[PDB]
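To keep things simple, chains are lettered A, B, C, D, E and F as they appear, and every chain counts its residues starting from 1.
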Amino acid sequence: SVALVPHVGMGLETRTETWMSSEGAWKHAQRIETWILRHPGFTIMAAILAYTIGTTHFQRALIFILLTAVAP
Amino acid sequence: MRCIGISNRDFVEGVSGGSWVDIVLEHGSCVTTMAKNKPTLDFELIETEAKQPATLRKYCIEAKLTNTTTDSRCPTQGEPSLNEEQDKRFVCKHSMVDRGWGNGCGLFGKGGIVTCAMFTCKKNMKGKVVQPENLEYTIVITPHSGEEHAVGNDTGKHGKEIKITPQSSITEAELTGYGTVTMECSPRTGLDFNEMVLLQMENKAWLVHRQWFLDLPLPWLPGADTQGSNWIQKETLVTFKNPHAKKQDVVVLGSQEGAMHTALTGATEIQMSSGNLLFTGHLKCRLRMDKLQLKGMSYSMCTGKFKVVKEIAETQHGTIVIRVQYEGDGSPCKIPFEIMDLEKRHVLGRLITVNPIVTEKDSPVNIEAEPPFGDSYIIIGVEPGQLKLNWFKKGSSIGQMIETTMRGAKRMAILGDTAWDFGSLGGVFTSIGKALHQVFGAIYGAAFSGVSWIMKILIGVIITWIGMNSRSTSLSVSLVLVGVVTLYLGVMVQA
Amino acid sequence: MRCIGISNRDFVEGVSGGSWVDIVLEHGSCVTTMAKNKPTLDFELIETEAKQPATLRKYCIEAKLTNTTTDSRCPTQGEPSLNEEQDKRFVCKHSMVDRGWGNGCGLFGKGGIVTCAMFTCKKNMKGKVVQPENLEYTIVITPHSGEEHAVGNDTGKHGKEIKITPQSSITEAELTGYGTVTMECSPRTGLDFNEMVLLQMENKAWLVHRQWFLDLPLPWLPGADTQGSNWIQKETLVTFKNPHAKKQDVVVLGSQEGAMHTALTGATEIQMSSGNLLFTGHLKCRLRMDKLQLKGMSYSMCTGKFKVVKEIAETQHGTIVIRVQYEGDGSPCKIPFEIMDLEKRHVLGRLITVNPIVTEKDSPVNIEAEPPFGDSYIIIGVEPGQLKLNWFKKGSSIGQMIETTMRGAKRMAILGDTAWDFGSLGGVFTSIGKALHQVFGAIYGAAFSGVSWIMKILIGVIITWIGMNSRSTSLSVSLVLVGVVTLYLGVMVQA
Amino acid sequence: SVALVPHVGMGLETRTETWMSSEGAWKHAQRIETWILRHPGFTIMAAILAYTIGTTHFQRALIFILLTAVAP
Amino acid sequence: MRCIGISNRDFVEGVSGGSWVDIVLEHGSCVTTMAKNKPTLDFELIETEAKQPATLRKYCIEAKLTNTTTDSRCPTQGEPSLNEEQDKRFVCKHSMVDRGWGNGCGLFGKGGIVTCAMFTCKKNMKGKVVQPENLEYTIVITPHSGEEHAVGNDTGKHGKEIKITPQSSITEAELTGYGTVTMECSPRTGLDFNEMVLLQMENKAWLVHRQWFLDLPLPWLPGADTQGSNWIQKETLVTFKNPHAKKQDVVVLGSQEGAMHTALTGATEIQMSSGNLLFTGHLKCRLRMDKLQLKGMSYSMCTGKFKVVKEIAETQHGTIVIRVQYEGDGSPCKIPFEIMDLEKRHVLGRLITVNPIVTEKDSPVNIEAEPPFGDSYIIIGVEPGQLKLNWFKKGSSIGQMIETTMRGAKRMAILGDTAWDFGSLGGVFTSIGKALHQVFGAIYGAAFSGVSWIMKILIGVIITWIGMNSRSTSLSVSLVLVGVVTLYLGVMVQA
Amino acid sequence: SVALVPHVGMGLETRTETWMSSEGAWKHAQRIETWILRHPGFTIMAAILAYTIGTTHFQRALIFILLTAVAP
């Protein structure tokens, strides 16, 4: 809806603090761990799929973080 | 003097040939200007006003639906149409239902259906726009006159207000004593309006990006408008319900106020209930200080007998402010202020309130100076009653260099190339480094745009990691200029 | 009756074992039951109702801050203390402002500050849980009597409405002329309550589940709370404004009526206005047809000159229906209805209005039957004055098993293991596939929860790509039951 | 805000149509496509960084889609 | 002369440079200053006082719970609610009890319960804080030439009692008969307040660390908090009894007063009664001996006939104190005091009470001096009646300079770098001796801060074992300053 | 409780004696040897576990002293 596209990387930032800062600066990192801690099966399955695709460990951890981040 | 205890101060030292220094003053900060034999001044922008706005586009926050009509046809007999579908204040949808003999129809198939409902707004959100013309800035000019009730005092007649408008941006300030001062401000190359929209909800207001404003999914209407009868994207705030392939319906989606307050994250709040008073952004100023006298040269020295009426009181950014009273004779006179040490006395410590004078003997005078990073002794009187005071200062040795580096790196992380306009005409170094910052700013821009707190840190570690593994000494590039700079910026994002 | 014209009608052919068959019926769909005797019946679940709900958690949707008071504290000595922090109506925040001599202190530093405002809720939202007991389903049975103007009408009193509870039993339903039906229904297993919450906005209501409803970012309050002033999670509906370093202020974050309708994209809407009327879900019945008379058995066969009064209309699923009228004597009689091929050799097709009957009158009757996939004569009389009616049926040869196959796969996509409950206890070939389907649905259900339309397609492409590039014959197990099934369940999701 | 965690994969779905399917079933991909059509620099940078990492032709495309999808 | 009998005496000679010498004096110690002329003085810090304090945080010691209420609720229908939970005097918690048909609800599950109790404080521990200004030190400057009954009495007025504030200056202090002594003291670098908290229990007080005081688990309260109801960390003094899965209860823990007296094992007791009197810490004085007369010049010598009235009485550090009484004619006169050997050819031994003098003949007078190790004779008067008194100072050796080395090493153990301030601008030994200490003190700081008596000895033994068995001659860098010094400081801590 | 955090290594210490020194300087050692006298079995078990790991004779006595002292 309108609550998405949240006006973050638009430039226009000064040292005056913004509208909802230190409240929306960590909300994605809190809903992503609420979502992990209430859906463990997709995190495990994304660890198997992330461990399968990827030779080196860095791209395995990258595919794990990105696959865990695309799902809400 | 209007500047003390604000925690974003940015001292400016020096002047360049013909006596002008190039500064950039912001709404949070207040810049202190120090020259060689010229009084030290204190500047702050305090008010940015957009004088007359023209509304660009009106969205609706909440609406209502009346006059619900529905029209269905047979399976093979085409598709329904009633005259509320051509009327552009009704919202409409074609769906398809089950028909048979129980519906009085025949042929037993799926027949089309339409539902229309009259759209009526009842809460608005007006996005106004202004041109860079008639955008008026207000800067107060407060000198370091040692004078009672002055230090953090943001009221009264301690300063002089000047008004930078982009058609006439010179407007010299004649203040009483100390001569005059002119400022060549460049307000067009600042915040860059024509691409920013003064959005306005009921009792609040924001300052949002213009292309951000023109692609919000919400029913809009042009600005120059009188009747609410041509809302364009009405389907973004209604919904059509067709369960079971029986009849369908339409309902309103609800008040979009708090969802828009989640959209307005990152936008800087302004206020436009009375005026259009912005309180964000910077202004580049060229400070020409030629006709700037000192107000108290060719006075004689004091005879002595000072007394302290308010104590030393160290400020953040490591300066001290004492307030002293004078009793004696010959009342227009110069305070014998020094910051010495003990025996075989050296001069260690700079004076900020330069040439402190006594005027109106029965009234205090508050002097500002800075010590070095250890023991230091303040001396005020001269032969009898020499007012020697101890003072100790913590840190301020190498940590002052890293605090200066973090002020320059934060000041370079907030401002763009304009952060290079904080010094007085470096010639080839400031111009070449600023030009490289415009190239790196234009390539770092049109990239990292729409990219948040987290994604810059992720995209910085996955370019630092491929920097450390690369060869041919590209490691000294992909770590330095794009690897840890984007990590640092990604920490400083969402100011 | 009541089911010709409704799409996704199911046909179940069986009385095997005793005289029972398991059926599973939803609100949108309908079920038609046939046997070698035991007349064809029609089943429609029309209503779920929860009787006495108990509220669980109330959420504040729109609020209002009143009586904003702030209190500041000069630096290096303590926190501010304000008397309204003791009451939990007031939302509170400790921030840290800049203080110096200019704002009434003695030291230059960064002192404390509090702000407080009384949080007053002014529109609510309440979710109510119910028990698996005291909820009453309403189901309509209607026989193929071929009554005049009874084809597909929801209105009209043609079928018996019976209401089943988990307090109930065998639940006899004596429907006249035909005997009785008993339906061993399992209402406790159908929609899995003690996991879902009956949410309630202003005039709408949804069917959301608990561990989505309990962890919502709105300020809430317990269900057993009169005088609803003590809101618990108040800091997610206000916000605090400390813009540069000056005073901080409170503002309400707005209205989440239209913001939470975005959160409900995936929830099925119910009707909590006058009683908790759920029009969604399924339930599993066991129909027992051991006491069904035929209503037309022991009537003498008819003797000629029928008359067609409504044209043969082809339904979806290819089952035509004709309304004929009888002229002649012996008015309680059967009808010589048969569909034969061209050349009139074999009797093809099947009747769905098993034992058609002229009910006592000069009133029309309705006959439903399915033709085969080519040309056919439809013959509705005895030889002096028959009615030979040509008919052609399109497709219906090899597309029928793929439509049946993918509607069985959609039936296994909507329902879980319960989709193995259309058969009459197949035993070693049905009752083991339910166990394998529920352990596969438990492994597949523990994964893939919380992901959407797009993500199941992406993971289906990934697992399919691992399967097509594997070894040791894990190709099959990695795509034929995991790779492709996830793609199909990703297409058929979001109903 | 409350407009996230949008009750998408929870079970509980029947043949009856949910609250905002066909309007909440394509708007995520539409939001991503208009995001790319407004911010085309992160697409090029994600293509170069997705090409540099990922030493097969599949996980280059996988890392490209996931990096394109985590930035809104 | 308020110096003989104190165990810590600290003789300092040399007024070199100009006529100044740095002395550092703490509360337990005295300081005796000597010169080539300029008579010998005795300095003792006697009192520190903090003038007006401001309280920082108020903890409670013992409390009281009344109005205990509770409210339980049936399973799966949410959390209970209670009107006392809205107030913040009431400590509350939630728990899970067993509930079934016996409790009167139903459903046989694990239910929710709340418990509330009003938390009233009745013993209060408040910790105050002061600024480094308005905090004065009281010093006593008592001169030698001891009159009637003044050897070590704190009682009586034999010297001046000048006060030193950081508001103050050169601090003139005129001595009656002597000249005028001035001290430029440093009361800001002395004890380093703003990390100090003047903690106050019922009748006692301590000087504790600030961050130690703020990290203290007890229910606290702001220093600016009138009507002390809104206690904050209340759950650290109450506890909740839920023994089985049945009802829970509240109980108070009890008086934490005796449990705080074990928290303070390592804090110095001050007395906060009729003022904030500190009796710990040191003070660095810049002693200036420009204007000092000897009080006894321009007199004649005696004519003989002394009489020893108090015996020889060796002070520890070997600085014997005799008391004689003169009888004669010219009453104001200089005493003929010498310390020579057996056959009086050499003068060996030093006089500390320099220029002893008889005033007001009918009053004994007492003389202090320093013999050498061994036999040394004391000659008082002239030839008709002089006193030749034996004294055997108990034979020492190198032992005196190993006691001086242990005394200065102990002074470096208590005082970190201020122990390098007994000299007079030493330069190439002293001014770098501070600096190389300050680099090593900030590294010894925060690497052994928080560890105790035992752990410094353990890490000392470890880090001298891993250096004792090392290579490339890191034996010296891991033994001579890191191992042995942490063992010595390990056995000198817990003063 | 506040019987812990005992204000020991906080700096701040001068020549005059603290609140209770020579009454709290040896209480920890007497406490951790009285605990040994009431509990020999953990001392034997920590001698065995200290002797298995710990190749050198300094790691053995170090792990024994640390494991013995870390159990109040």
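In the analysis below, contacts are C-beta pairs under 8 Å (C-beta built on N, C-alpha and C of every residue); 3 or more make two chains touch, one makes a residue touch a chain.
Between B-E and B-D, more C-beta contact pairs are found at B-D. In terms of residue-numbered contacts, A-C and B-D present the same interface, as over half of their contact pairs agree; the other options in A-B, B-D or E-F do not.
Rounded to whole angstrom units, the spacing between the C-alpha centres of chain D and chain F is 57. Rounded to whole angstrom, the centroid-to-centroid distance between chain C and chain D, based on C-alpha atoms, equals 28 Å.
With touch defined as above, residues shared between interfaces to two or more other chains in chain A number as follows: 1, 3-6, 9, 15-17, 19-20, 34-35, 53, 58, 62, 70, 72.
Interfaces, counted as pairs of touching chains, are A-B, A-C, A-D, B-C, B-D, B-E, C-D, C-E, E-F.
Taken in their complex, chain A has these residues touching chain D: 1, 3-6, 9, 27, 31, 34-35, 53-56, 58-59, 62-63, 66-67, 69-70, 72. Those residues of chain E that touch chain B in the shared complex are 17-18, 20, 133, 166-167, 169-170, 184, 186-189, 286, 425.
By the touch criterion stated above, chain B contacts chain E in their complex at residues 308, 311-312, 342-343, 375, 386-392. Against chain C, the residues of chain E that register as touching in their complex are 54-57, 73, 76-81, 83, 85-89, 107, 129, 131, 194, 221-227, 229-230. Taken in their complex, chain E has these residues touching chain F: 8, 26-29, 195-196, 206-209, 212, 215-218, 256, 259-269, 279-282, 414, 445, 448-454, 458, 462, 465, 493-495.
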